[PDB]
Structure formats: structure tokens, C-alpha cells
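Notes follow once the structure below has been shown.
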Amino acid sequence: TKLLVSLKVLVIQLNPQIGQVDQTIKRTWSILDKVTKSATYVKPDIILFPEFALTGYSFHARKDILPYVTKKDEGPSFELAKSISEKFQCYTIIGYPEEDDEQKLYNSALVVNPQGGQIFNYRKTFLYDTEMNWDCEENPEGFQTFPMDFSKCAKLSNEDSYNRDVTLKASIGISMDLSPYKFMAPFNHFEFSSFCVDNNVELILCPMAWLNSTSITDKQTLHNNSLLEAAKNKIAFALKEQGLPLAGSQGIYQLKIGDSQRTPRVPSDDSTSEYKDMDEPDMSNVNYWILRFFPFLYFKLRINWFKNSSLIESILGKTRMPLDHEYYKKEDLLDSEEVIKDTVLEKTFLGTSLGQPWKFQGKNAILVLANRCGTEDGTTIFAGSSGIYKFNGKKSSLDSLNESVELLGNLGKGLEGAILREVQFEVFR
């Protein structure tokens with residue numbers, strides 16, 4: 001049975017700096033105040049914050065992050081999410097540095113329900129270089145899904161109001177989760193978005209601290225002090241030229257609350273990566289994020305792949321996680337008398353399944369991406385450009401020109417702020 005859903009989604013975009021937790025919390029409440037006073041404010045059903053939203057991102061040592069870590073149900077990030085959830089009767093998701101009872105450290109995202117109860121805690125699964133600085137662990141469960149019970153958000157197709165409840169299958173992916181494993185795995189594995197398609201995920205939530213490519217990431221540059229000093233001067237100039245302090249903008253809020261302004265479809269070029277125009281999204285990254293969700297995108301060639309059975313071996317052969325992942329530290333169908341289970345028929349590679357050219361065809365999914373803005377260490381510029389997307393499953397560019405994705409709205413690359421969109425889509429029950 002087709003069920004129509006309407007979700008009011010609020011994304012908060014922050015520029016947290018290390019050691020400013022109290023200031024960032026104060027700015028967060030300021031943003032939320034301004035949001036409620038907006039001409040077209042409506043109450044959000046879900047509020048999403050970035051990766052390490054209150055603490056800053058670039059920790060260089062375990063000792064440096066220890067003063068900011070918390071248990072998943074204690075401390076500033078949890079208490080903020082609980083108060084938010086209670087005041088707005090919503091789900092609130094926030095990224096934060098976690099410590100467990102055994103003194104292990106993770107990069108996590110906690111989920112609070114409208115009652116102010118913690119219902120889920122997700123840990124980053126693919127780690128970035130920075131996490132290795134401070135002894136961060138990989139999520140031993142790998143990618144995960146969880147239910148979210150939404151009240152009064154759904155209707156049958158012939159009904160005139162959203163008066164029904166719906167439990168959506170959700171998944172959180174934290175920044176690097178979207179990349180090829182360690183940047184070393186084949187690009188076309190699309191591990192995270194494949195997992196979401198495999199498990200029929202409906203609501204994809206991504207707290208991120210994702211870089212604009214103006215950032216200094218070249219390893220030989222980072223470890224040659226002469227080259228590094230020259231590189232840092234380049235970034236300093238880029239910020240100065242924009243009338244910005246080196247850490248980037250804070251406290252000046254771009255609000256897009258309840259409007260329906262969509263983001264224009266644009267291809268990447270040698271200018272779309274430039275850190276200029278702070279109220280406009282980084283379309284190099286928007287296009288790249290969309291590409292990393294390839295399994296959700298319409299692509300003509302899949303009919304040939306299916307007809308030729310070109311991906312059967314890849315589909316049968318793919319494992320739940322990379323074999324060297326923390327996941328297996330958990331345990332050929334064609335050469336066996338074991339039967340083919342349902343789960344195998346749900347598996348995809350490049351968006352293709354054993355039974356359909358395009359498994360996602362005819363389905364809907366919502367992607368909510370909360371990316372931080374600002375800069376750290378004089379080297380690292382975050383891309384901002386938080387946004388909300390709909391994959392509509394409708395029947396082949398690999399970017400925002402592909403009309404099987406809908407760009408429902410983005411914030412700029414450089415300003416703190418918030419975006420609210422009412423998102424309408426369907427699920428099947």
C-alpha cells in the first residue's frame with residue numbers, strides 16, 4: 001500500500017571552533033530563535049546538526065579531544081539535543097565526540113526523540129585521517145539502520161490531510177562514510193549508498209565536516225614546513241580577500257525557512273570549487289555528493305548491465321563491509337547447495353540487483369545533509385552547503401543535472417544558518 005509522507009526538515013549549519021562549546025551552544029539557540037520568528041516557520045519533525053557540531057573538528061591528539069568527549073547520554077551535546085527535542089517536540093540528531101565505559105573513543109551522532117529520550121547512537125564507520133590523530137575507533141557494527149516513528153506525517157493517496165503515523169527506516173552516514181573506504185577502495189563500490197539501497201532506507205541523514213577542495217590536503221605539502229607555510233599563506237589570502245577572519249564566518253545567519261527556493265542544477269568546472277560567494281553552495285561538492293549516491297540515480301546503461309548479467313558476480317561476491325574493516329574483528333552461492341535468501345535478492349552493485357536493472361526504480365528516498373562551515377588550522381576549509389534532496393526513482397548525467405534527484409534547497413558554503421523544507425515523498429507498507 002502506497003503511503004504519502006510529509007516531513008518538515010530543519011538543518012542547522014554551524015562553524016564550531018575548538019574550545020568554544022558554550023559560545024556555539026549560545027549561537028545555536030540564537031539561530032533557533034530566529035527560525036521560529038521566520039515568516040514561513042513551521043514546526044520541524046526532525047532537526048539535523050553537523051559532524052562534531054559543538055566541539056570543532058581538527059583534533060591533533062587524544063589528549064586534546066579528551067576534555068570534550070562525553071558518554072552518549074551525558075554532556076553538552078546530548079543535553080542540547082534533549083532540550084531542543086523537548087521544546088520542538090521533534091527528533092534531533094547531533095554529531096559529537098563519544099567516549100564509552102571502556103574508555104574507547106568514537107565519532108558519533110546521537111538521536112533523541114520528541115519525548116527527549118535517546119533512541120539511537122551511530123558511530124562513524126569509515127574514518128578520515130584526522131580521526132586517526134586521536135585514536136578514534138571504527139564502528140564495530142558497520143553501517144546501520146534504525147526506525148523513526150513519525151506522528152501525524154502520513155496519509156493514503158486519496159486523503160486530504162497528513163493525519164496518519166509512519167515508521168520510516170532511517171540511516172545515518174557521517175561524512176567519510178560516503179567515500180570509498182580509506183580513499184583506496186574502488187570508486188564504484190559506493191559502499192554507503194549501496195548499503196542504503198540494499199536495506200531499503202527511506203530517510204538518509206548525514207552530519208558532515210566535509211572539505212572544500214581549496215583545503216590543503218597534499219601529504220608532501222603538510223610534512224614540508226616550507227611548502228606548508230606557502231600553502232597557508234594562500235588560504236590566508238583567500239579568506240582575507242573575502243572579508244573573513246581566518247576561522248571563517250560565525251554569528252551571521254543565513255536563514256531559508258519554509259521557502260521553496262530550489263538549488264539550480266549546474267555541472268562542475270574549474271571555478272565551482274573556489275571558496276568565494278559565501279551565501280552560495282559549493283556546487284563542486286554538491287555534484288560530488290550526488291555522485292556518491294549513484295545507486296539512487298537513474299542511469300540508462302543499467303538495462304544493458306542487467307540484460308547481460310554483467311554484475312551478477314559482483315553482486316554475489318560483495319561482502320557486507322570491507323574485509324579489513326573493524327566489523328569483522330561477525331563472520332560462493334553458485335558452488336553450494338545453500339538456497340538464495342531474500343537478503344541476497346536485495347543486494348545491489350552499481351544500483352543493479354539480481355532481479356531488476358535498477359532496484360531503486362519507482363521508490364522514494366530523502367537525503368538530509370548537514371555540513372559544517374568555517375575553517376581550522378589555517379589549512380582546512382569546510383564546504384558548508386547543507387541541503388535537502390529527494391531521490392524520486394523516476395526514469396544519465398552523474399551530477400545535479402540528473403533529474404532523478406531533486407535539489408530541494410541548500411545553504412551557502414560559508415555562513416552559519418538554517419534551512420527548513422517541507423519534504424513530500426511516498427513509501428510502501
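So you can find residues: chains in the C-alpha cells are A, B, ... in the order shown, residues in each start at 1, and ligands are numbered from 1 in order.
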
Need to verify the contact set: residue A:406, 8 Å, only C-alpha atoms, exclusion of same-chain residues closer than 5 positions in sequence. Can you return it as a ChimeraX atom specification?
/A:389-392

So that I can check the surroundings of stretch 76-80 of chain A, please list as a ChimeraX atom specification every protein, DNA and RNA residue that reaches within 9 Å of it, counting only C-alpha atoms and ignoring chain neighbours fewer than 5 positions away.
/A:21-22,25,53-55,68,70-71,85,94-96,110-112,118

I want to know what sits within 12 Å of residue A:341, based on only C-alpha atoms, with residues of the same chain fewer than 4 positions away left out; could you give that as a count of residues only?
6

For atom CA of residue A:175 and atom CA of residue A:128, determine how far apart the two atoms are, in Å to one decimal place.
8.7 Å

Tell me, as a list in words, which residues lie within 9 Å of residue A:424, counting only C-alpha atoms; anything in the same chain fewer than 4 positions away does not count.
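Residues near the query, excluding close chain neighbours: residues 4, 5, 6, 7, 8 and 390 of chain A.
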
With N, CA and C atoms retained, could you export that selection as a PDB file, in the first residue's frame?
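As a result, result23.pdb now contains:
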ATOM      1  N   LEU A   4       1.626   8.297   1.544  1.00  0.00           N
ATOM      2  CA  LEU A   4       2.241   9.603   1.325  1.00  0.00           C
ATOM      3  C   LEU A   4       2.731  10.185   2.640  1.00  0.00           C
ATOM      4  N   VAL A   5       3.927  10.773   2.609  1.00  0.00           N
ATOM      5  CA  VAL A   5       4.538  11.312   3.816  1.00  0.00           C
ATOM      6  C   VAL A   5       4.911  12.778   3.619  1.00  0.00           C
ATOM      7  N   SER A   6       4.785  13.552   4.689  1.00  0.00           N
ATOM      8  CA  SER A   6       5.194  14.945   4.669  1.00  0.00           C
ATOM      9  C   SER A   6       6.006  15.210   5.921  1.00  0.00           C
ATOM     10  N   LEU A   7       7.262  15.586   5.712  1.00  0.00           N
ATOM     11  CA  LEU A   7       8.207  15.793   6.795  1.00  0.00           C
ATOM     12  C   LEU A   7       8.710  17.219   6.750  1.00  0.00           C
ATOM     13  N   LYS A   8       8.690  17.894   7.890  1.00  0.00           N
ATOM     14  CA  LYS A   8       9.265  19.218   7.968  1.00  0.00           C
ATOM     15  C   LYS A   8      10.686  19.046   8.491  1.00  0.00           C
ATOM     16  N   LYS A 390      15.756  14.950  -2.678  1.00  0.00           N
ATOM     17  CA  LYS A 390      14.806  13.857  -2.872  1.00  0.00           C
ATOM     18  C   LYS A 390      15.238  13.027  -4.070  1.00  0.00           C
TER      19      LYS A 390
END

Strand (DSSP E) positions in stretch 165-207 of chain A, given as a ChimeraX atom specification:
/A:165-172,203-207

With the cut-off set at 6 Å and counting only C-alpha atoms, tabulate each residue of stretch 261-372 of chain A with an atom at most that distance from an atom of stretch 196-212 of chain A, showing the nearest atom pair and its distance in Å to one decimal, ordered by chain and increasing number, as a Markdown table.
| residue | atom | partner | partner_atom | distance |
| --- | --- | --- | --- | --- |
| A:346 | CA | A:198 | CA | 5.4 |
| A:347 | CA | A:198 | CA | 5.1 |
| A:365 | CA | A:202 | CA | 4.6 |
| A:366 | CA | A:203 | CA | 5.0 |
| A:367 | CA | A:204 | CA | 4.7 |
| A:368 | CA | A:205 | CA | 5.0 |
| A:369 | CA | A:206 | CA | 4.7 |
| A:370 | CA | A:207 | CA | 4.8 |
| A:371 | CA | A:208 | CA | 4.5 |
| A:372 | CA | A:209 | CA | 5.4 |

Just C-alpha atoms for this one: save the residues we selected as a PDB file, in the first residue's frame.
ATOM      1  CA  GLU A 346      18.008  -7.300  -2.022  1.00  0.00           C
ATOM      2  CA  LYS A 347      21.746  -6.814  -2.699  1.00  0.00           C
ATOM      3  CA  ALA A 365      14.194   8.416  -0.526  1.00  0.00           C
ATOM      4  CA  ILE A 366      15.132  11.645   1.247  1.00  0.00           C
ATOM      5  CA  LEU A 367      18.729  12.758   1.834  1.00  0.00           C
ATOM      6  CA  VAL A 368      19.416  15.356   4.512  1.00  0.00           C
ATOM      7  CA  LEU A 369      22.968  16.683   4.641  1.00  0.00           C
ATOM      8  CA  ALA A 370      24.162  18.870   7.494  1.00  0.00           C
ATOM      9  CA  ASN A 371      27.689  20.064   6.723  1.00  0.00           C
ATOM     10  CA  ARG A 372      29.623  22.494   8.904  1.00  0.00           C
TER      11      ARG A 372
END

Could you tell me which of A:171, A:28, A:284, A:15 comes closest to residue A:400 if we count only C-alpha atoms?
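Of all the options, A:284 lies closest to residue A:400.
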
Mind checking which residues fall within 9 Å of residue A:126, counting only C-alpha atoms, ignoring those fewer than 4 positions away in the same chain, and posting them as a PyMOL selection string?
chain A and resi 138-139+142+174-182+325

Distance in Å - atom CA of residue A:282 versus atom CA of residue A:242
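Atom-to-atom, atom CA of residue A:282 and atom CA of residue A:242 are spaced 15.2 Å apart.
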
12 Å contact set for stretch 219-225 of chain A, only C-alpha atoms, chain neighbours under 4 positions out, as a compact mmCIF listing (two decimals) with N, CA, C and O atoms, in the first residue's frame:
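Result went into part-v6.txt, see below:
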# COMPACT_ATOMS: atom_id res chain seq x y z
N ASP A 129 41.61 10.75 7.90
CA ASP A 129 42.92 10.96 8.52
C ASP A 129 42.88 11.62 9.91
O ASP A 129 43.60 11.22 10.82
N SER A 215 41.15 23.38 0.42
CA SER A 215 41.89 22.91 1.59
C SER A 215 43.25 22.33 1.24
O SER A 215 43.45 21.78 0.16
N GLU A 229 54.03 26.45 4.85
CA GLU A 229 53.93 27.88 5.13
C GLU A 229 53.45 28.64 3.90
O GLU A 229 52.63 29.55 4.00
N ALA A 230 53.94 28.25 2.73
CA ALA A 230 53.50 28.88 1.49
C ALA A 230 52.03 28.57 1.24
O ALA A 230 51.27 29.45 0.81
N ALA A 231 51.62 27.33 1.51
CA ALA A 231 50.24 26.92 1.28
C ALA A 231 49.30 27.66 2.22
O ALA A 231 48.21 28.09 1.82
N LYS A 232 49.71 27.81 3.47
CA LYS A 232 48.89 28.51 4.45
C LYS A 232 48.69 29.98 4.08
O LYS A 232 47.62 30.55 4.31
N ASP A 377 42.87 25.38 11.57
CA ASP A 377 44.31 25.16 11.45
C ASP A 377 45.00 25.99 10.37
O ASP A 377 46.19 25.78 10.09
N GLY A 378 44.26 26.92 9.76
CA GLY A 378 44.76 27.68 8.62
C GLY A 378 44.95 26.84 7.37
O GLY A 378 45.51 27.30 6.38
N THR A 379 44.46 25.60 7.40
CA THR A 379 44.68 24.65 6.31
C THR A 379 43.39 24.06 5.74
O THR A 379 43.35 23.59 4.60
N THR A 380 42.34 24.08 6.55
CA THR A 380 41.19 23.24 6.29
C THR A 380 39.93 24.08 6.18
O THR A 380 39.50 24.71 7.15

Do you know which residues are at most 9 Å from residue A:133 counting only C-alpha atoms, after dropping those on the same chain fewer than 6 positions away, and could you put them as an NGL selection string?
:A and (58-62)

For the residues selected in the previous step, produce a file with N, CA, C and O atoms as a short mmCIF file (atom, residue, chain, number, x, y, z; two decimals), in the first residue's frame.
data_model
loop_
_atom_site.label_atom_id
_atom_site.label_comp_id
_atom_site.auth_asym_id
_atom_site.auth_seq_id
_atom_site.Cartn_x
_atom_site.Cartn_y
_atom_site.Cartn_z
N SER A 58 39.11 19.49 14.05
CA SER A 58 40.51 19.11 13.80
C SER A 58 41.33 18.88 15.07
O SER A 58 42.22 19.66 15.38
N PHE A 59 41.04 17.80 15.79
CA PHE A 59 41.81 17.42 16.98
C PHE A 59 43.08 16.68 16.58
O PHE A 59 43.04 15.78 15.74
N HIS A 60 44.21 17.06 17.18
CA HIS A 60 45.51 16.56 16.72
C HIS A 60 46.10 15.49 17.63
O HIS A 60 47.13 14.87 17.31
N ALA A 61 45.45 15.26 18.77
CA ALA A 61 45.94 14.32 19.76
C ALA A 61 44.80 13.87 20.65
O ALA A 61 43.86 14.62 20.88
N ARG A 62 44.89 12.64 21.15
CA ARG A 62 43.91 12.13 22.09
C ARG A 62 43.72 13.07 23.29
O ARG A 62 42.60 13.36 23.70
#

Nearest-residue call for residue A:243, choices A:24, A:277, A:402, A:427, using only C-alpha atoms:
A:277

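The spacing separating atom CA of residue A:29 from atom CA of residue A:74 amounts to 19.2 Å.
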